[PDB]
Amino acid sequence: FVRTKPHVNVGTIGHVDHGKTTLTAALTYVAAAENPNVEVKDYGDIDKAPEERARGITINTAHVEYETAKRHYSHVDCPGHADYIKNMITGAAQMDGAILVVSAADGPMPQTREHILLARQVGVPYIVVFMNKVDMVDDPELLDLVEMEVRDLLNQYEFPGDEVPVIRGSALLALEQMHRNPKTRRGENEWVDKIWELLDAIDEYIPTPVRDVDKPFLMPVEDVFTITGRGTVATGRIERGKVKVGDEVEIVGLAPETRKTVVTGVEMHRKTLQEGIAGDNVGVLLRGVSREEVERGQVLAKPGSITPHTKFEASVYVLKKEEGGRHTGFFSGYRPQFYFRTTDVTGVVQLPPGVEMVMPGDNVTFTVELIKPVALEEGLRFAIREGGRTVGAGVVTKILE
């Protein structure tokens, strides 16, 4: 992996079937007619898992690479199915900016809201909107109506909704055009120009993040698998610092105790790296651990730079039924799921002696006790889900134990 341009992590979010995967595929084809380094990815190359073919939806987050003239992108395509929100969050947790896909035909839908909300509670700082399937919507009035709703929906979850770029296009027709002529450059085709229009927005609207490569190494693990000839790979986006082959690193969280290992390889999009730095989306080849000894939700950290915790105080907003949350309140003993970056863990809600009940729409402080240790830190935003439903959004305010 030779690096020439700044690197940025983007991805696709939005409601089920709105066209996130098709857009992703389209992006690779369009980009590759300019930059020959870009490897094109077909629809089936992205939704490739047997279970994805079987069920006809995206299930796993896929990582595709493309590039523009200005920057190198790692793109994380997420599922929109309500049942795979867990995966969407882990994808979003790797994004420096997200492309919210919204179908012009259907308008914003329940996971349009939930994905914006969750993107925030995993720190996604910027959103561009791609209004898709415009080739099915003749009436300009609705298109304006759809934009209006999306811009306002973003304003609710504290995104500059009146400001975000909203690119109107058709992911399918661009992708069809690139299939008919892969050498199709900018300007020759109106649909392919809409993708360029999207690419331009990402280039200019989504800024390259400030990344501290001097702080202790920290990579939240998004995934773990086995490379047949090499070993166990933990993947993820390096949050800070650097990792080289030969470094001792600690696997932190989700197990009773931390374990140390030696990095024996580092790869970004299958091209081996010498070193991995903050921002990079890498695979870290770990030694002496099977894929049963590392998992999604743990972090790789500079040995002893991080202490996992189980108990904290949070400032929490409980969603209203209208925002897709609970219809009724909960008491102490409520045992929902908590999502921090790529981590997902059961915790126990313990309210203050005065507080007997927490109602939807309430802002409240309580203390949470997790059933496994996790890499936490003051100020870390998180999400609460339970019963296939996002119920709350909070932030750690004080680490207790």
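All residue numbers refer to positions in the sequence shown, first residue = 1.
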* Asked: Looking only at CA atoms, which has the higher mean B factor in the entry: 352-360 or 57-65?
  -> 352-360
* Asked: Mean C-alpha B factor from the entry: is it higher for 262-270 or for 191-199?
  -> 262-270
* Highest Cα B-factor in the PDB entry belongs to which of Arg186, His115, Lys242, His75? -> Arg186
* With respect to the C-alpha temperature factors reported in the PDB entry, which of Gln121, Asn281, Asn132, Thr307 ranks highest? -> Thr307
* To do: Place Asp152 in the lowest, middle or highest third of its chain's C-alpha B-factors, as listed in the PDB entry.
  => middle
* Asked: Which third, lowest, middle or highest, does the CA B-factor of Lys321 fall in along this chain?
  -> highest
* Which third of the chain holds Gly347 when residues are ordered by C-alpha B factor: lowest, middle or highest? -> lowest
* Place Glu176 in the lowest, middle or highest third of its chain's C-alpha B-factors, as listed in the PDB entry. => middle
* Among the chain's modelled residues, which third holds the C-alpha B-factor of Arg211? -> highest
